[PDB]
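# the sequence isn't on hand, but the structure is:
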DNA sequence: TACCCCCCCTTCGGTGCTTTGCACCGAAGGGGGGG
Ligand SMILES: OC[C@H]1O[C@@](CO)(O[C@H]2O[C@H](CO)[C@@H](O)[C@H](O)[C@H]2O)[C@@H](O)[C@@H]1O
Ligand SMILES: Cc1cn([C@@H]2CC[C@H](OC(C(=O)O)C(=O)O)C2)c(=O)[nH]c1=O
Ligand SMILES: [Mg+2]
Ligand SMILES: [Mg+2]
């Protein structure tokens, strides 16, 4: 007998109309079974072609999980739904979360199926299950309850959610809890044993509300306290060839857009003649200070580069080869909030696409913990290649935005 | 006494009204056959007569079925189309015979007069109103509205299609060991039942369908192979396409080539090895449909080779979920690739072709990867799984490519099939500068106004050259300068440019290009033994970069 | 003088860095096929 919270899209915007992409046999079977059980439970209901909206659906297995999990690509719906910040429903982000020694991620999306969804809004959650070899026309459902993956659902559920954790919070006031989409971020400074212990307590605690008023049991362990930054570094050599100094000058001249105090006059001089790339040339006394002075500048942080909560985050990724991937997170060009490098991820030396997928998931997770936002990615990959394979490797319950770029590496800038 | 199919609520686009488009002139013969069809629908209950109160008209016309005497009624509801609510189409793709498993017993039926057996939405009926001239505009004529889905309305296919699926629903749940492929009104029904128990189920199927107002005439009830279905012919252990009719005409236009090229595309799914590159080239240009086009020496050579494929009659087999899938690709030259999908040697499920040329400058490896991608996706549509690939590329070649390319790329489980012509990388730039090779600092500039330019280089041994260029651009001159460097150097060479543009193209190892100059550079690179390209920023007082920049700016 | 789906080949305009030229990509309009 619970009353539904009204929800409206942004004025001057239609609902989502995104085409369903082809699904493998195992994913459709999992989806048909899952949708059958959900329809029996009133969570969704069958609809026709007279609802003009559609949102792509597929299925995933989380890290080290053997049971299929439904995932809706609500990216389109999310960008068309009223921001609840204006409403004042939106969740605040705790600056302390990133400082805790252990942070466990719990899937709690299941809670959301308990809460009815506003009748007038349901039509926008329409999706179509496809069939192998098009044996059947698509089978369309829409949501009656709060769907996993929709940005409206954590917003609307917060009240019940705050009430549920309330006891646990008062008992353990040192523990940080952040809710992002279908996930709960629980951080503590406890020793590992008591941390996992406390997470189990919260989970059993969740069961007590579940009895009363994909699975809940899973948990992934982060350590935000140990998150490194990958800065810009110049090589160290006793002898420099013309080629080496050409690389160094191109690199320094590129870096200067980020650190303005960098100078290349003394270094550029060493290149006056038309000399062989392979020739060794001694650094002038003037040149050594300039190189040393630039190392000093690169050691210090950039000036006036801070997080603006109203601007979007952007992530760029470079493939460095030999399984190494670099990334930068920014809101304004050349004002990087974070830089980093990943190595030896799943797929190293055999699968670029799996590696990039892992990279994207890792970067998004860091962005959620640090800023409570997911960045928009600039991916170093052809669109067709990405769209063909990424869902085979996707293990997260959110999907960041992305676009495709093609930037040949002319300076080996973020990796030596 | 039928169970009527509940109607589907349909609205118009907000604040738009109904169509008011008066009938275009009907030539005498036309005016008559129409009148008799109308009277029929009224007797059947399919169309209501009322017209004082409905202000609306939509033009009507009629055209005959193909090779049939009969005349089929069409509505020009296109105005209603712009004004009607959008629909989400439930028809996502086309079934392919190579996705079917083998069935002991098979039936094919067509529902008769499909759209006219499904009731239009009650409230929407009034906008379907139309007017037919009684006797060449002597007296008013007769007004009518549709009671069922009218042909020509954008919501008619989707609505029929979705209703059909809800109707079949209880029959499927309670017969889970039957297979029904519904594509509009045409049904294929297959079972591993005895032709006795099968004929029963079919008749049970026909009954359930008639209970909801869906007729299945015997005239459309195919019972004996070869089954005519979706433009194919189904035999019990093999399928094939319904005959392809290729024009052999001596005079060719644009429109002939479109038709011609299209038919071959359609044939490529089972007749292996089809090529259309030369014929399609004969099409590129603003050339209008009527203008006549003589074939090329190499173009009618293509056409001849195709016929040789289509002489035999080819067939595919059906799918055995217990066996792996295999996709095999062959290089066909000039950016053409064919493939075969099969599970046992020479029993192809289907074939196809990929020939898309994307990018001004590309190579075979990218194109093969794209072809892998096309085949992978097509397979997920038809069988819901990715095939094992057999590809004409050395494992080493692939390793050198994907690990060195700066974009992420990948190919799923695959093995080398030693079938020339092999895909290979035609040259490799060195990673480090070459000791004892001459260093060439290249640069080029053009005048935006004159479009006159210069390209040249200076060298560490004193060698220099500058070439005047006419009718050119900055980016062209930059490529030109690298070309001169490659032309005038020995077998091993270091080249220093400041062209971000030029280095971008060359570093992706293209082997084919839309630019004559790029092909010329590619041709030079293949002959060399070691090439090291190096970029330096312009205007930073480096090297010969400042010494060659002043040559070709003044 | 119609509707809905899928496919390939070409052209063309919009978009963003390779910049004021050039490269990529999606839409649309031609063809094949289905009902
Ligand atoms: O890969 C992008 C590609 O996917 C599509 C098709 O569904 O859209 C999805 O991906 C976009 C990129 O993040 C999202 O913005 C969009 O909301 C989502 O549906 C295509 O639109 C797009 O080309
Ligand atoms: C060919 C064609 C068919 N249709 C409809 C699609 C489903 C209905 O079925 C038919 C039937 O009336 O029986 C059929 O069996 O072919 C007719 C069109 O609307 N426009 C068309 O050009
Ligand atoms: Mg029929
Ligand atoms: Mg210059």
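Arrived safely, thanks for sending. Numbering: from 1, shown residues only, chains lettered A, B, ... in the order given. Ligands and ions are numbered 1, 2, ... in the order given.
# how about the residue in the stretch 201-350 of chain B that ligand 2 sits nearest to, nearest residue that isn't a chain neighbour?
Minimum separation of the stretch 201-350 of chain B from ligand 2 (Cβ to the nearest ligand atom) falls at residue B:220, amounting to 7.5 Å. No exception for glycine: its C-beta is placed from N, CA and C like everyone else's. Of all residues not flanking residue B:220 in the chain, residue B:110 sits nearest, at 3.7 Å (Cβ to Cβ, 6 or more residues apart in numbering or on different chains).
# tell me the bridge partners for that neighbour.
residue B:186 (DSSP bridges).
# ok, back up a step: how about the residue of the stretch 201-350 of chain B closest to ligand 2, what does it touch?
Applying Cβ atoms under 8 Å, 6 or more residues apart in numbering or on different chains to residue B:220 gives the contacts B:109, B:110, B:112.
# and these near DNA strand C, which?
Near DNA strand C, judged by Cβ under 7 Å from any atom of the strand, the entries from these are residue B:110.
# for the contacts of residue B:220, which single residue is the most surrounded?
Most neighbours among the contacts of residue B:220, by other Cβ atoms under 10 Å in any protein chain shown: residue B:109, with 23 neighbours.
# before we move on, the earlier item: residue B:183 is in contact with the residue nearest to residue B:220, correct?
No: with contact defined as Cβ atoms under 8 Å, residue B:110 does not reach residue B:183; the gap is 10.7 Å.
# could you say which helix or strand holds the residue of the stretch 351-500 of chain B found nearest ligand 4?
Using Cβ to the ion, residue B:443 is the residue of the stretch 351-500 of chain B that sits closest to ligand 4, at 4.2 Å. Per DSSP states H and E: residue B:443 is located in strand B:438-446.
# could you chop chain B up by domain?
The record assigns chain B these domain ranges, following curated CATH domains: B:1-90+B:116-156, B:91-115+B:157-225, B:226-319, B:320-426, B:427-554.
# sorry, slip of the keys, the one I care about is chain A.
With domains defined by curated CATH domains, chain A comprises A:6-95+A:121-161, A:96-120+A:162-221, A:222-307, A:308-414.
# can you show me the helices along chain B?
In chain B, the segments counted as helices under DSSP state H are B:28-44, B:78-83, B:156-173, B:195-211, B:254-267, B:277-281, B:297-311, B:364-382, B:395-404, B:474-487, B:500-507, B:516-527, B:545-549.
# can you give me the helices for the stretch 201-350 of chain A?
Along the stretch 201-350 of chain A, counting by DSSP state H, counting those that start in this stretch, helices occupy A:242-255, A:265-269, A:285-299.
# relative to ligand 2, which residue of the stretch 401-550 of chain B is the closest?
residue B:412 (38.6 Å).
# so that residue sits right up against residue B:391, yeah?
No: the criterion here is Cβ under 8 Å, and residue B:412 misses it with residue B:391 at 10.7 Å.
# what do those two both touch?
Counting by Cβ under 8 Å, 6+ apart, the contacts common to residue B:412 and residue B:391 are residue B:372.
# and the domains of chain B: which comes nearest residue A:408?
Among these, the nearest to residue A:408 by Cβ to Cβ is domain B:427-554 (4.7 Å).
# and the end-to-end length of that closest one?
Using Cα to Cα, to the nearest Å, the end-to-end distance of domain B:427-554 comes to 35 Å.
# nearest residue to the residue of the stretch 101-250 of chain A found nearest ligand 1 other than its sequence neighbours?
Closest approach of the stretch 101-250 of chain A to ligand 1 (Cβ to the nearest ligand atom) occurs at residue A:127, with a separation of 11.6 Å. Distance criterion Cβ to Cβ, 6+ apart; nearest residue to residue A:127, sequence neighbours excluded, is residue A:57 at 4.3 Å.
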